[PDB]
Each structure stands twice: as C-alpha cells, then as structure tokens.
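Down below is the structure, laid out as structure tokens.
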Amino acid sequence: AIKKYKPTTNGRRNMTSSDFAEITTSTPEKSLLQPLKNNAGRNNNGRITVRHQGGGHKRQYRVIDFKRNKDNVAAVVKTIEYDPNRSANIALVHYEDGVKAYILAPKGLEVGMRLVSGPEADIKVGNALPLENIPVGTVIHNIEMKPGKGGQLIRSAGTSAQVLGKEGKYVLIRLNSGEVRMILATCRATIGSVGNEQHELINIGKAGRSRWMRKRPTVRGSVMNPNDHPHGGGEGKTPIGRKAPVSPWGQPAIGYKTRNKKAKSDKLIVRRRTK
Amino acid sequence: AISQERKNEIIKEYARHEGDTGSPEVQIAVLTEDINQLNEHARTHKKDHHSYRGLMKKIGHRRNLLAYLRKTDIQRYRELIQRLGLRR
RNA sequence: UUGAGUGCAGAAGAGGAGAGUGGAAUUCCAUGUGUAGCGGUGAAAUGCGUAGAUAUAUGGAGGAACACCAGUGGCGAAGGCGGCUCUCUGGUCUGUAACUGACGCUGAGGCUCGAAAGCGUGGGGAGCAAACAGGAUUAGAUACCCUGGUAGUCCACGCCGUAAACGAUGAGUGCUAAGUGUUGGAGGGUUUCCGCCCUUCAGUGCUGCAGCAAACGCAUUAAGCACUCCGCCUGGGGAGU
RNA sequence: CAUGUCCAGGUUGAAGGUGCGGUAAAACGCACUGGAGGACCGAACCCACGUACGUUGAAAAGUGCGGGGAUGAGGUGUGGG
RNA sequence: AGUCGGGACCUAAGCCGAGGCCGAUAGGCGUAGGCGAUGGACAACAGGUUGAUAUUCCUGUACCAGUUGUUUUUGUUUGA
RNA sequence: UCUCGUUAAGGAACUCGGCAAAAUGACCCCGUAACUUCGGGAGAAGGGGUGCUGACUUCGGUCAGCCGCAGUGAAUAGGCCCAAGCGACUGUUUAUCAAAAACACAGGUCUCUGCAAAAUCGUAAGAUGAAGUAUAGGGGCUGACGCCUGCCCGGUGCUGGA
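Written out as structure tokens, the structure is:
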C-alpha cells in the first residue's frame with residue numbers, strides 16, 4: 002500500500018512512500034552485480050549535455066535477463082527484490098541445470114512458481130513466447146524490436162499493451178500511450194503487466210529526497226539574464242514578451258512537433274494519437 | 002452455508018440424547034458453525050449487504066438462546082462456553 | 001404444548017455479490033455507386049454540402065441500454081431489482097409432528113442500510129444534456145421552439161445522509177356477513193382432471209353488510225371491536241430563521 | 001567524479017510491538033516497550049546579522065562584544081574532469 | 001633498516017592507447033594492453049646508548065623466504 | 001579619543017527608529033489562554049525553593065537548630081506580550097557597500113518523444129540522455145495546504161487540410 006507519515010515537522014507534512022510489503026529479502030545475488038558510475042551528465046569531452054543530473058546515493062548494477070532464450074527447461078522463482086535503477090522490482094530464478102539470472106516482476110508473480118519460455122509453452126503470467134503463438138486480446142510486455150536483441154519496448158511499472166490482431170506479416174499491437182503499430186512476428190515477449198502499480202502515487206515531500214534520487218534544482222526561465230536565456234531580462238516580473246515561449250536555444254516549447262519527417266517507420270505506424 | 006453432512010454430524014457430538022434437534026446447546030452449536038462460514042463469505046464479498054442482514058439475525062438469535070440457557074441453569078452455560086470457546 | 005424454534009419432505013422467485021458472454025440500434029472510420037441538396041418549423045432562420053453532402057452497399061471501432069415474452073404478475077424491511085451462462089450466498093411458503101419446553105413482543109440512547117443531485121482520487125466516454133453560443137417569436141424574452149455543446153450520466157474505492165423516501169395509514173396479537181378474479185401450494189371425488197367439482201394455507205386486486213366518519217369514504221389487506229410497547233401534536237405569521 | 005575521514009554533552013517521543021479491557025468478529029480506549037526526525041538546547045567545526053574601533057590600518061576585508069546551523073540539500077583531506 | 005612508508009604485488013576515478021574508425025595539414029576518438037593511492041594485501045618487541053641518529057647502533061628474546069651439509073620414500077604412471 | 005567601573009531624583013521626555021547599553025539567564029516544584037493543518041502554540045504567561053549543623057535517612061526526603069543585607073553568594077547560562085503586511089517551512093544568494101518580500105523547494109498544469117527516442121557537445125567517428133523505455137526522459141509557466149480558477153479565436157503563433 003502506501004504509508005502516510007503523521008505530520009510532526011513541516012518537512013514531513015504529507016510525505017508518502019511504499020510499504021515494501023512483498024519484497025522478500027534484502028541481499029542480492031553476488032554473481033549478478035556489476036559496478037557503475039554517476040556520469041552527472043558529462044561526455045568524453047567533459048561538458049554538460051543534459052542538465053539536472055548527478056549527486057546522490059550510490060548504486061550497483063544488476064544484470065537482468067532480457068532475451069529469455071533458455072527454452073524447454075523449467076525456471077523456478079525464489080525471491081523478489083528491490084532495484085534502484087529501474088522503477089520495478091525483480092525476481093531471481095533457478096533453472097534446473099544450476100544457473101542463475103534475473104527477471105522483471107510481472108504484476109502477480111509469487112515465489113514457488115515454475116516458468117517456461119518455448120515456442121509452445123502455455124500462456125500464463127511469466128512465460129516468454131515468440132510473438133506469433135500469442136493469441137488475440139492478451140496483455141503482454143518486454144516486447145522486442147529486432148529478433149534476438151532482447152526486450153526494449155514496455156518495461157516499467159504499471160504498463161499494459163494489448164495485441165489487436167495478427168497479419169501474414171507483421172503482428173499489430175496497441176501500445177501503451179494509445180498508439181498502434183506493427184512489429185515483426187518473430188519477436189519475443191512475456192505476458193502480464195509490470196509490477197508495482199502505485200509507484201506513481203508517492204508524494205515525495207521534502208527537497209532533500211528528490212535530491213537523494215540524483216536530481217538537481219532547475220531555475221525558471223524568466224529569471225536568468227538576457228544574455229543567457231531568451232526569456233530573461235526585464236526589470237520586474239515580466240510576461241513572455243516574445244511570441245511562442247522558448248527553450249534556451251530556440252525551439253518553441255508548446256505545440257511544436259519533433260519527429261523526423263523522413264523517418265524509417267511511418268510505413269509501420271498507424272494513428273500516432275498521444276504525443 | 003453447511004450441508005446436511007456436517008449439519009447432521011455435529012448434532013450428535015453435542016446431542017444431550019438421541020434426537021436432540023431442540024436442546025438449546027445443539028441449536029447454538031449449529032448457529033456458531035453457520036455464522037463462521039458466513040463470516041468467511043463476507044470477508045470474500047464485502048458488499049453483499051443483503052446477506053450481512055441475515056448474519057445479524059442469526060447472531061441475535063444465538064444471543065437470545067444463550068441468555069435463556071443461562072437463566073435456567075449455570076453449570077450448563079459455563080461448561081458449554083468452555084466447550085465452544087466464545088463470549089468475550 | 002397451543003406461542004416461539006429446531007428436525008425431516010417438498011415448492012416458487014427481475015433477492016445480492018463476483019467472473020465471462022450475445023444480438024439489434026445510434027454514431028465515427030475505410031471503400032463502391034452517386035448527383036445538388038439535405039435537415040428544421042405554426043412560418044422561418046442558424047447549420048452540414050461541388051475539399052462530393054443526404055442516400056446507398058461492405059467491413060472495421062467504441063461505449064451504453066437490454067425490442068418482443070410483459071401481466072392491478074414475482075422477490076425484497078424500505079431505497080428498489082428485467083439480455084444469457086457459471087462460482088459463492090440470504091430470505092419466504094406448504095406438508096409431517098421427530099425434539100427443547102414460554103426461550104415472547106416492543107424497543108429511549110447506539111449501530112447498520114439508505115433514490116436522484118453533489119464532493120475526492122484514477123479510469124472511460126456512443127447517445128442525451130444544466131451552464132454556454134448562435135438562430136428565431138416578442139413592446140421587452142438573459143424563457144417556451146430550432147441548430148451546436150462542457151461538467152454529468154458509466155466503472156473501482158472513499159464521502160455526504162437528504163425526497164410528495166406516499167397507502168401522506170408505527171409494530172405485535174385475537175374477534176366480527178357476503179361475492180368476485182388472480183400468483184404459489186397441500187388434501188378429497190369425477191378421472192386420461194394434467195383439462196372439472198369440493199375443502200384448506202399463504203399473498204395479491206374490485207364490489208359490498210354491520211360498525212365508524214365533520215362529510216369524502218373504509219370495511220378479514222379496517223380508518224370496526226380491544227390490550228401491550230414506541231414516536232409525535234396543542235391558533236396563523238415571525239422560521240425550521 | 002572516485003577513495004577516506006569528522007560531528008563533546010544533553011532533551012522530546014511518530015510508526016511498530018506486547019499486555020489488558022470492549023465487541024458476534026471489529027473499528028476503539030489504557031498502560032509498558034520501542035527510538036522516527038531537512039526534530040530541540042548547546043561546544044569543537046562552518047558561517048558572517050548589529051554595532052564600535054581601524055581606515056599612510058597589526059590586516060590590500062580584521063578585531064571586541066553580541067548572532068545563526070549544528071545527522072545533514074552536512075563540513076574537508078588526497079588524486080582527478 | 002630483511003621486519004617501519006614506497007619500489008622488485010592488485011586495482012578505482014582519470015590518462016596513454018599496437019591494430020583501428022574519422023579529419024585541408026596539424027590532428028580527433030578508441031579496442032587489446034598498460035600507467036595511476038586517497039583504497040586492498042603483507043614477516044619485531046622491550047630496554048639502553050650520543051653533541052647531534054635509533055622498531056636503523058647495542059643487549060636479550062623472535063619472526064618471513066630461500067641456499068648448502070650429515071642427519072629416513074622410486075612405473076612422472078602417478079599408489080611419491 | 002578609545003576599552004572599562006559607579007550614580008541622587010525622574011524612567012523613552014533622546015531619537016528618523018529604545019541603535020547602543022540596562023534588564024532575564026542554572027536545577028527542582030506548581031501552573032499555563034486565544035488559535036489549529038490536532039502534531040503544536042509552550043521554556044507561553046505568572047509564581048515558589050536552594051546556605052550550614054544535628055537527628056531521623058524506609059528510599060527519596062522530612063524535622064529541629066545556626067548565621068548573613070544578600071545562601072546555583074564568583075565565571076559560564078532565554079527579556080516578555082498584543083495586532084498587521086510579505087513569504088508556507090529546513091536551505092541558497094552579489095569573495096570585498098544590499099542576505100530580502102529575491103532563487104531554490106515538495107505539489108499543479110500544458111507540451112514534446114515508440115528507441116539509432118526526442119535534446120545537447122562535436123565538421124565526423126564518438127559520446128551523454130541510459131546499460132534507462134511513456135508510472136520513462138527533456139522543455140515552458142506556477143510555487144505547502146483550504147475554497148476556487150469567469151468572457152473573447154476577430155489579430156499573432158502552433159497543429160490539421162486539400
């Protein structure tokens with residue numbers, strides 16, 4: 002669920018946070034960790050590229066499985082966990098052969114299950130099929146793009162994607178954010194929506210907490226000096242004098258589209274609706 | 002709730018003698034069983050208002066039979082509530 | 001052991017919650033045909049249309065309500081419940097007369113439920129429609145009439161706690177002429193009765209005698225005759241302020 | 001950015017748990033335990049709000065006396081962009 | 001100074017980068033491999049001595065890794 | 001002139017402004033209002049005791065007695081109350097004349113972006129966004145919380161059109 006701290010001091014008034022009421026353990030697997038760094042938004046050149054990054058707690062990367070290729074060997078889940086990188090929990094699995102790896106946590110998975118991921122499995126939460134033998138109307142995820150690359154579509158908590166209908170080539174899909182397209186019929190996917198579903202219902206409360214996650218303050222536009230941002234200047238509080246409110250390099254912010262007009266996908270996109 | 006199987010089975014473990022379908026001990030045992038099962042059903046579907054009412058009625062009736070059992074004998078009353086385990 | 005309750009044997013039902021599913025219709029979309037209108041009114045206008053409309057045919061999408069059966073029929077304590085199937089689940093009625101032995105009734109404070117409109121959080125959005133816009137009638141019309149249209153109407157979990165929430169008729173129980181239909185039963189004769197006739201239990205309507213009523217009318221479903229327990233009233237305004 | 005390091009002493013009592021009581025089971029009340037916090041008072045440390053002097057100054061930004069924060073959006077050392 | 005801090009050990013940020021991929025020249029970036037303590041890992045203690053040095057000189061008691069000499073088990077298969 | 005100590009009677013009449021000084025300051029005990037987001041205001045206010053000797057100490061303290069003008073006898077150690085504006089708060093800011101009503105800030109809302117994602121550094125290879133994938137990532141305005149958020153699309157942009 003969601004705690005609601007009792008208001009003791011102002012910087013505690015209406016905070017909120019999870020219970021962590023399903024996470025089983027608190028000790029990751031050893032042979033699945035890999036180090037990392039906090040780039041703080043900097044290139045090999047050593048400049049800011051994206052603003053507002055860097056400066057928080059430490060993290061160590063967990064090598065999640067993403068292709069799901071071991072077929073015809075039962076997989077047993079043993080423990081869910083917490084992950085700092087993505088916004089969704091993670092499960093650890095033992096195959097009968099004696100190998101370990103991770104999985105994302107579908108919304109409804111529990112310890113003690115057994116999972117298979119062949120081209121002729123059954124369609125229950127957790128299994129990882131090829132996109133062809135998944136019947137019409139289901140809600141699947143970790144969808145691929147190029148066969149053999151792994152998953153790169155829907156990946157984060159509380160997200161859905163139906164399968165509208167097959168073709169001879171390719172398979173259609175209603176993605177999240179309500180836009181239809183089609184992807185080659187030989188891509189992998191697993192069923193069921195992702196896990197923590199209220200992870201959007203957390204009111205952080207303090208400013209030092211959004212700074213724990215590696216954010217950073219982001220000045221308004223209209224405060225900066227004219228030589229440093231097109232909005233700035235003007236003595237007093239000023240309205241946007243220029244038409245079409247701007248970003249700090251051009252490119253009006255409200256209403257302007259930014260696809261690449263000669264994209265290599267418009268053949269595969271039907272009804273971009275929500276962007 | 003229950004079916005004649007346990008309905009008939011229990012009325013012989015609290016039967017005062019043979020054929021005691023009256024016997025304010027047996028009636029309250031049976032009602033205890035049934036209100037337990039109804040409690041389960043309510044915890045399952047907790048918006049079935051039109052049966053929680055029947056639950057209430059059964060609770061009341063058991064309360065009344067208990068009150069009557071007490072004011073004609075005490076040892077029966079105490080020994081039963083120690084046999085069934087109730088009455089906070 | 002007559003009231004109450006339990007056992008045993010049977011009966012009906014849009015009683016409730018959860019999970020899926022069906023066709024018809026309106027609308028948007030795709031395509032073929034197709035030519036100048038469509039729609040609206042007391043009369044007209046606003047409007048959509050030659051960026052090919054209305055019409056018409058094929059398929060797709062989406063949400064909502066369930067044509068006929070439908071009945072002064074059914075069920076529920078009241079608010080109320082009508083497409084179909086499944087899992088959980090309450091209540092009522094007739095028969096028998098195993099069993100306990102008055103265990104009953106009502107019920108201030110308390111707790112539960114509680115149409116529609118309304119609020120919060122997250123979804124969903126086909127029709128319809130407060131606000132609003134335009135068109136008309138009118139001395140004037142911020143209204144009735146017409147063309148559009150937002151919240152809302154739906155779903156989950158919370159909140160509020162009100163109606164002409166009505167039969168304007170508190171609840172328990174017993175007694176006092178008839179006739180007439182209808183839903184569900186149990187018995188008896190005729191019997192192919194499963195198609196009649198007779199007796200009885202339970203609801204449900206119309207007419208009507210005593211009695212009552214200031215008249216209007218009510219009358220075994222009393223507003224008659226009587227006991228028990230609760231609620232409420234005491235001139236109209238000021239004001240449910 | 002990577003790797004270490006520092007914060008005398010004292011106070012307050014959220015969540016949770018346990019035990020009683022109340023109920024058909026429950027909201028719920030009382031105790032004991034429990035120790036959350038950009039929580040509190042205050043030295044080291046970090047700052048620089050008022051004032052007086054100093055203003056060819058002891059000093060090319062201080063001093064005296066007062067002041068704020070002090071487990072955090074903390075202070076700093078070494079090697080780095 | 002065998003014993004303490006560093007080298008004849010390991011790596012973090014970062015840098016250099018055989019081949020290599022780009023670029024008017026200059027050069028830019030990067031694989032393999034390396035370099036890089038603020039970190040890891042590792043064998044000595046007490047007392048005395050001078051004008052100045054002292055886990056270094058001296059006394060006493062130890063420890064690490066090796067080399068030679070008399071001092072105790074043989075199919076390189078591998079029961080050595 | 002600077003750094004200190006003391007003062008009769010009056011006690012803000014000085015002054016732009018009680019700036020500066022003066023006054024309170026420790027431990028234990030009694031007691032404590034409006035207001036409210038129910039946590040607080042609260043150390044609110046306003047009061048009392050403290051030394052030494054003996055006796056009893058159940059345990060803490062209670063009794064009796066002694067001295068001084070003064071018993072945490074020196075140094076260390078909150079002045080308080082009644083109303084209004086601004087800003088919600090803890091923070092941050094012009095090294096060296098401004099520390100605020102300025103910026104940050106949690107929440108709100110519009111908008112872009114289907115992954116070789118948009119965006120940015122670079123001529124390019126290469127990079128960051130990210131070993132992330134719409135509950136995610138950038139951009140613009142507003143700034144806890146409560147009640148709310150009316151009218152206009154003619155003009156200028158943006159999106160769609162053929």
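Top to bottom, those sequences are chains G and V.
Residue numbering for the first sequence follows full-length UniProt numbering, starting at 2 and increasing by one per position.
Residue numbering for the second sequence follows full-length UniProt numbering, starting at 2 and increasing by one per position.
Backbone N, C-alpha and C define an ideal beta-carbon position, used for all residues, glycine too.
| Check | Outcome |
| --- | --- |
| For the alpha helix (DSSP H) holding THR33/V, just list the boundary residues, first then last. | 25 to 45 |
| Could you check where the beta strand (DSSP E) with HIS50/V kicks off and where it finishes? | Unbroken run through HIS50/V is the alpha helix (DSSP H), 50 to 71; no beta strand (DSSP E). |
| According to DSSP, simplified to helix, strand and coil, what is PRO227/G? | helix |
| Among the candidates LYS68/G, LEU269/G, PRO8/G, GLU23/G, whose CA atom is the shortest distance from the CA of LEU173/G? | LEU269/G |
| Roughly how many whole angstroms lie between the Cα atoms of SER19/G and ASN197/G? | 9 Å |
| Can the beta-carbon of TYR103/G be found less than 7 Å from the beta-carbon of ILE65/G? | yes |
| Name the DSSP beta bridge partners of residue 1/G, please? | Given that chain G is displayed from residue 2 to residue 276, the structure contains no residue 1/G and the question cannot be resolved. |
| Under 8 Å by Cβ, that's how I've got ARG69/G and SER118/G pegged, so tell me the actual separation to the nearest angstrom. | 5 Å |
| Beta-carbon separation of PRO227/G and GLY237/G under 7 Å? | no |
| Let me know if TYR257/G comes out buried or exposed under the rule of 16 or more other beta-carbons within 10 Å of its beta-carbon. | exposed |
| Using CA coordinates, which residue listed in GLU26/V, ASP35/V, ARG71/V is at the minimum distance from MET57/V? | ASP35/V |
| Given the structure, does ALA2/V come close to the ligand FAD, in the sense that its CB is under 6 Å from one of the ligand's heavy atoms? | As far as ligands go, the structure on display features none, and thus does not contain the ligand FAD. |
| What is the DSSP secondary structure of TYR62/G, reduced to helix, strand or coil? | strand |
| Considering just the uninterrupted stretch of the beta strand (DSSP E) at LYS79/G, what are its terminal residues? | 76 to 82 |
| Tell whether a beta-carbon distance below 7 Å holds between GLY242/G and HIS230/G. | no |
| Compute the Euclidean distance between the alpha carbons of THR9/G and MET16/G, then round it to the nearest angstrom. | 11 Å |
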